[PDB]
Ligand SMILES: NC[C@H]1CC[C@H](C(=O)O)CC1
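A lone chain, given as C-alpha cells: the form deposited without this ligand.
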C-alpha cells in the first residue's frame, strides 16, 4: 500500500567512527527512507569504502582529501534506482545524482555549502550545473544560510547574496518546498550558542513541477548531530 518515495537530508557531523556509523545505520533503518542525503561525512577520498549501511548498499560519495566536508547519497536496497549521471565536487561539498525510479526521472543535488560565503557558493554550483537542472530536480542539504526571514529566530531580512541566490533559483523554476508546504513555519534545524539564535539552514528546494507530488515534509530532531534532519514524502 506504499509507492511513495521518501528522501531525507541530514548533516551528520562526521562518520569516521565505526560506532557512529552503526548509530546512523540504526537511525536510517528506523526512518526507512528511499533516498538519503548526508552531509559532513568527513571521509577522505581514500576512506569512502568504509561507509557501509545495512540495507542501503547503493552509495554515491563526493569527498575531499581531508577529514572535512564529504557528502553521500544513499539509496535503499528496496528502491530500484537506475542512475544515468553522477557528478562529484572535487572538494566534497556537493554531489548530483541523476536517474530514474519506476520510470520517473529524478535529479538530486546534495549540497554542503561552507559557513562563509554560502549563498554565493550555492549560486555558483547552480551555474556550474545549469545544464543538468530540470523540472524533476531536488536540491537538499546544509545551505548554511536562511532563504527567507522566518528561517531565523532573529527574523532578520536576508542579505543581498541570499537575494541573488533566490533570483537564480527562480530562474531555474526552483522553490523552497518546505516553506511552500508550511509558509508560516517557525521551525529550526540548527542552534548557534554564541548568539543564542535558532535557524533553519538545512533546506529542501525543488522544481515547481514537483510541488503536486510532495505529500508531506517535516523536521526530525535526533541525538546524532548538531543538525536536525528534514524528510520529504514524494508521489
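Numbering follows the first chain given and starts at 1.
The form deposited with this ligand bound exists for this protein as well; it is not shown, and the discussion that follows is about that form.
A.B. asks: Taking 4.5 angstroms as the heavy atom distance cut-off, pick the stretch from 82-90, 120-128, 139-147, 102-110 that is near this ligand in the deposited bound form.
C.D. replies: It is the stretch 139-147.
A.B. asks: Quick check on this chain: which one of 35, 38, 177, 201 has a heavy atom within 4.5 Å of this ligand in the deposited bound form?
C.D. replies: Only one option qualifies, and that one is 201.
A.B. asks: Taking heavy atoms only, is residue 98 within 4.5 angstroms of this ligand in the deposited bound form?
C.D. replies: Residue 98 lies outside the contact set for this ligand.
A.B. asks: Taking any heavy atom pair closer than or equal to 4.5 Å as contact, tell me whether residue 190 reaches this ligand in the deposited bound form.
C.D. replies: Yes - in the deposited bound form, heavy atoms of residue 190 and this ligand come within 4.5 Å of each other.
A.B. asks: At a 4.5 angstroms cut-off on non-hydrogen atoms, which residues of 151-182 are near this ligand in the deposited bound form? List them in order.
C.D. replies: Heavy-atom contacts to this ligand in the deposited bound form: only 152.
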